[PDB]
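Below you'll find the structure, written out as structure tokens, and then a few comments.
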Amino acid sequence: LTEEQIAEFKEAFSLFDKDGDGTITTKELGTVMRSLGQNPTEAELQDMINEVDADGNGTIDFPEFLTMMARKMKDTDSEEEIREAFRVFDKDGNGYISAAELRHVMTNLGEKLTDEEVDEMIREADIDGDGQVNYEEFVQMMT
Ligand SMILES: CC1(C)c2[nH]c3cc(Br)c(Cl)cc3c2C[C@@]23CN4CCC[C@]4(C[C@@H]12)C(=O)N3
Ligand SMILES: [Ca+2]
Ligand SMILES: [Ca+2]
Ligand SMILES: [Ca+2]
Ligand SMILES: [Ca+2]
Ligand SMILES: [Zn+2]
């Protein structure tokens, strides 16, 4: 969270990433674990990576290492990032994105949409039919 903490985690990442290619492999993670007296199996090292492996490529990049350093699972971390995006649109903070809020924030992000384009976007995302898009409907719209 803090600028100091993140700088500490970047130091740790660079240490673990011995070849400097920007990703931590099971081999690199195993070296560290064994220097700290553990004896994880190859399967257990792979599970440690899979727990934070948001993009599914089987190695840890720095954004996923931040998840690991926060001691979180990738599902918790992804939900937090989706909610950050949701709050960009939910300007009044009431937990629902209105047509006006969607039109407004989209316009200020450079996407000029017609009023009809906006109405249909809300209608498509609005599962329960209340005329607004709540968080779980937002999650579903992004699949
Ligand atoms: C245009 C888009 C697909 C889109 N369509 C929407 C419909 C509704 Br109802 C609401 Cl509220 C918001 C959006 C957005 C905002 C989004 C979400 N996408 C996740 C990855 C890429 C992208 C694209 C974009 C993103 O960065 N912001
Ligand atoms: Ca590496
Ligand atoms: Ca990855
Ligand atoms: Ca709102
Ligand atoms: Ca709704
Ligand atoms: Zn993340």
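Kindly write out, for the range 37-47 in residue order, the coupling ³J(HN,Hα) from the Karplus curve 6.51 cos²θ - 1.76 cosθ + 1.60 (θ = phi - 60°), rounded to whole Hz, with x marking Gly and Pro. Rounded to whole hertz, the list is x, 8, 9, x, 6, 4, 5, 6, 4, 5, 5.
Phi angles of the range 103-117 translate, via the Karplus equation with coefficients 6.51, -1.76, 1.60 and θ = phi - 60°, into HN-Hα couplings of 4, 5, 5, 4, 4, 6, 8, x, 9, 6, 10, 6, 4, 5, 4 Hz per residue; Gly and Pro are given as x.
Counting only Cα atoms, the size of the chain along its three principal axes is 60, 30, 24 Å, in decreasing order. Of the chymotrypsin sites (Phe, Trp or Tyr not before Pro) found in the range 45-143, no site is in coil according to DSSP while having at most 16 other Cβ atoms within 10 Å of its Cβ. Remark: the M142-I127 segment gains 4.1 nm on full extension, using 0.36 nm per residue and subtracting the alpha carbon distance. Think of the chain as having a plus end and a minus end, set by charges on the Cβ of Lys, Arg, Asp and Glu; of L1, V32, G56, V32 sits farthest toward the positive end of this dipole.
Sequence-distant contacts, meaning Cα pairs under 8 Å at least 6 residues apart, place the relative contact order of the chain at 14 percent. Spatial offset of the range 9-57 relative to the range 85-105 amounts to 39 Å, using the alpha carbon center of each.
Note on the range 64-143: Cα-Cα pairs beyond 21 Å make up 34% of the total pair count.
Cβ atoms come from the backbone with ideal geometry, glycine included; neighbour counts cover every protein chain shown. Where a number appears in this text, it was derived from the coordinates with a stated rule and is not lab data.
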